[PDB]
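Quick heads-up: the structure tokens below are two forms of one chain, split into structure 1 and structure 2.
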Structure 1
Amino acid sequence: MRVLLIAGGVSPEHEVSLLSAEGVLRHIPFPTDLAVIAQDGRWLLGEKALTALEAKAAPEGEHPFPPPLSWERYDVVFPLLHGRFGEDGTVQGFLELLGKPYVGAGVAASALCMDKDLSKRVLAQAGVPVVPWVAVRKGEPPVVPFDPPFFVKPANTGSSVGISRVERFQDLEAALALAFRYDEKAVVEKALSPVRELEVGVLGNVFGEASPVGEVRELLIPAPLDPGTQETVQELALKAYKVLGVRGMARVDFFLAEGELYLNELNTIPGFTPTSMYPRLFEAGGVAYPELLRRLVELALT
């Protein structure tokens, strides 16, 4: 068993990905080589990759896509890339064509969890509560059924880029133009205030298992929630996970306001440093970091 870890990426989460890679490389219980996608889209192999890792950021790459990589030398690929060209299903589509088993959600799941509008339409139809929202498409004026404040976001970007809180309708047009700077589609959802952010990890292929619930405020593991609400969080996370057909893992984020839960999004490739929420959550669930990585690889083969 030899594993290929791909880190970096052209997205803003480029340095975070390399951090996660540092953590995975030191604990994965399998011979593993690193491949880095520089911020310019080019790749770095072997030594140059490890050198880039130490630098904690690789602005320039050597080989343009597709790289002269010896794919036959690996049994499983672990795409530890965040955001665009990472969790959207493109790298996965590539790996599919290479006939390479890999860690994480497949093309459909990735592309779908990544779209804030489509995933919401699917989850709402299945009975999973989501914040009231409306989709706005580049070129056609907005129609918002509820009143401000809103939160405007690009539908398929990530890393909070292009996101803004709108207090009045008069500021809506400018918020959409900002979001459209990154996407052809945007979402306008009700701004919850005050609100609490809860996060829960899921592991498995389609029918997964939830880890304990966490809260972002500093990460509070576990979250100070009453018995019933904690159960619903895990329950809703497993339901949405199954409906979307996610494979491998996912960190599901929820908002809690007025005692009500709303599933915000499913992150198919969450931060993976030994101190990130997903790993810490499962550590709390009795699954050590090395074992977590072992399971992901095992899941990729089934």
Structure 2
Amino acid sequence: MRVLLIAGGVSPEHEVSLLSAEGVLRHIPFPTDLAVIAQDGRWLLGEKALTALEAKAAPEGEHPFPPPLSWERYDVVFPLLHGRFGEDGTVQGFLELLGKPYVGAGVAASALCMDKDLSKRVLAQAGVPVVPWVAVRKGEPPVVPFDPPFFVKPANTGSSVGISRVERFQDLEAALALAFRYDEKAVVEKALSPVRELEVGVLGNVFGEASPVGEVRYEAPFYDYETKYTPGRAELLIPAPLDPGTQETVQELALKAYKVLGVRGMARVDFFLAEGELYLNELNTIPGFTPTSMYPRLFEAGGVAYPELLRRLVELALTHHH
């Protein structure tokens, strides 16, 4: 059984994805080759990918897409890319057309969970509590019916890139300008403050199994990029110090969202807790596997060891593809 693991990517989460690949490669129990997508979109294979892994960033690649890769030599593809062009259904569409089993969410689930506006519309209709928000298109003025503080985001982002906590209505124009450098659509959400951030891992095809609930504790004004990936800046509380009824509701809501969106393989489902009210923040279908990442730690605490977790992901890929 040969696995092809793809990491890097052209999204702002390129470096995060190479850290994820280091984590997965340390534990995956199958023979596994790495393929790296550089920041310019060109791929690196063989020894050049392993070199780029060691540098933790590859700004330039060798082969334009699609790469001269002998796909038939691999049984499963593990797309370990985060964000645009990797977690959003693009890579998944390519792999579906390749006819190759692959780890994680299909095209629709991936595209929808990446879009913070569309996912919120689906989940809100399904009865899942979400934060008040509006969508904003580039070149169009925002119509924000709620009062600040706000969070402003590109609709398709990850690792808090392009996100701003906005406290003045006057700072909203600059915040949207920054958001529009990453996407043609943005979301303005009502900021919850104070807020506790809860995350729960799901594993399985449509009908999921939930991990224990974890909590993110930090000092920064929000869980920003620097706080997410700088060692020691975030404390992951596993399991979270959470009252029993809320813990139960987090797991029920995560599994319901997972099923409604038809997610396969895995997701990390993230929630806000403010004044005793739960809100589903987002699903992430390719969660990070970095040394500061929550998803593998959550399942390790729930009795699913890191090599067992990757085995299940690979086996869920084979099972769905039949």
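When a residue number appears, read it as a position in the sequence of structure 1, where counting begins at 1. If you superpose the two forms and keep the largest set of C-alpha atoms that fall within 1.5 Å, you have the rigid core.
Once you line up the core between structures 1 and 2, the CA of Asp171 is the only one from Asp171, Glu96, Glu209, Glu231 that shifts by 2 Å or more. Once the cores line up, the CA of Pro194 ends up less than 2 angstroms apart between structures 1 and 2. In a rigid-core overlay of the protein, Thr273 has its C-alpha displaced by at least 2 Å between structures 1 and 2. Relative to the superposed core, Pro145 shifts its CA atom by 2 Å or more between structures 1 and 2. After superposition on the rigid core, the Cα atom of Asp40 is displaced by 1.0 Å between structures 1 and 2. Fit the two forms on the rigid core and the C-alpha of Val24 turns out 1.3 Å off between structures 1 and 2.
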